[PDB]
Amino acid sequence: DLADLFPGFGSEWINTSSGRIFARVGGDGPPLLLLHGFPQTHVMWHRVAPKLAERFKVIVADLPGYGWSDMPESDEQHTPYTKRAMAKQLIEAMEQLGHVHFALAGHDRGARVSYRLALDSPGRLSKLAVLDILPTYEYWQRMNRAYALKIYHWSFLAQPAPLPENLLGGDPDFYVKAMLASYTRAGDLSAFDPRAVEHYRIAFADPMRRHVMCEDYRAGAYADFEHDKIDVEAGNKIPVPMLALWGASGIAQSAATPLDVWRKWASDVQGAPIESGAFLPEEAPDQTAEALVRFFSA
């Protein structure tokens, strides 16, 4: 019922102690993990993954609780869907494949999993790439009226259950599509493959998957923030050589000077703006792929 946007890629259901992680696996060479964000799945990499496959062994994984990944039971602190736990679970997953030192690239929620992984376990990463994000700490500290209105859903979805859930039940199709079109450059869905939008909408049409997304944004308003406050108070920087890509019309640039912020969180960081909205790998696939290939190859 859902299209194949990764021709040639296999399908792996990697076992962890918190549940199965689904991923499309293609190419050969150095291991490169790709992590998606909200409200998308692994298929958001379908326009750049084949190019990366020509050079690397590309693992395109659904986040814990997302897509076809299992949904581990959450708790009163939203632990399994905190960026620290997600990182632990994916580290565990990559160990099942023999990948204990790999390249990592993330977008939105996946980028947050990524930099948290780098802080907690720098050893697991050769190079890091974060796409159109700032540290979760940075958004909350810089929170103003402009901030609050634009990215309203950081506060909205972090509301205690079942208030966001019950509201999302009203028109999940509309909401998930609105979340996609609102952060592009054109303001519509033209950037997204209609088949890819189907993957997103189908997953979002399930109440259980939506609950996970809320538990995600709850973690991002509490545990993730507290985890980030500890680091920023200690003065810990990410030692992993990392790349920061953001859309010129993206979310991160309206907030701050992206590479100036990431220089405060990482000692070895380079970055560039790309003519795009928030959804870089779909809006500007050629440039995004090129940036990643050249960076991970160096």
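When you see a residue number, it is the position in the sequence shown, counting from 1.
S.K.: Between 5-13 and 276-284, which has the larger average Cα B-factor in the PDB entry?
M.R.: Taking the mean C-alpha B-factor of 5-13 and of 276-284, the larger value falls to 5-13.
S.K.: Averaged over C-alpha atoms, is the B-factor higher for 61-69 or for 250-258 in this PDB entry?
M.R.: Averaged over C-alpha atoms, the B-factors run higher in 250-258.
S.K.: So if I compare the CA B-factors in the entry for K177, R84, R112, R195, which one is the largest?
M.R.: Result of the comparison over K177, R84, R112, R195: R195.
S.K.: Between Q89, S190, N166, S126, let me know which has the highest C-alpha B-factor in the entry?
M.R.: Answer for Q89, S190, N166, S126: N166, with the highest C-alpha B-factor.
S.K.: For the chain shown, is the CA B-factor of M208 in the lowest, middle or highest third of its modelled residues?
M.R.: Tercile = lowest for this residue's CA B-factor.
S.K.: Against its chain's modelled residues, does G271's Cα B factor rank lowest, middle or highest third?
M.R.: CA B-factor rank for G271: highest third.
S.K.: In terms of the CA temperature factor given in the entry, to which third of its chain does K150 belong: lowest, middle or highest?
M.R.: It falls in the top third of the chain.
S.K.: Would you please rank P50 by its C-alpha temperature factor against the other modelled residues of its chain and give the third it falls in: lowest, middle or highest?
M.R.: Highest third.
S.K.: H99: which third of its chain by C-alpha temperature factor?
M.R.: Lowest third - that is where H99 ends up once the chain's C-alpha B-factors are sorted.
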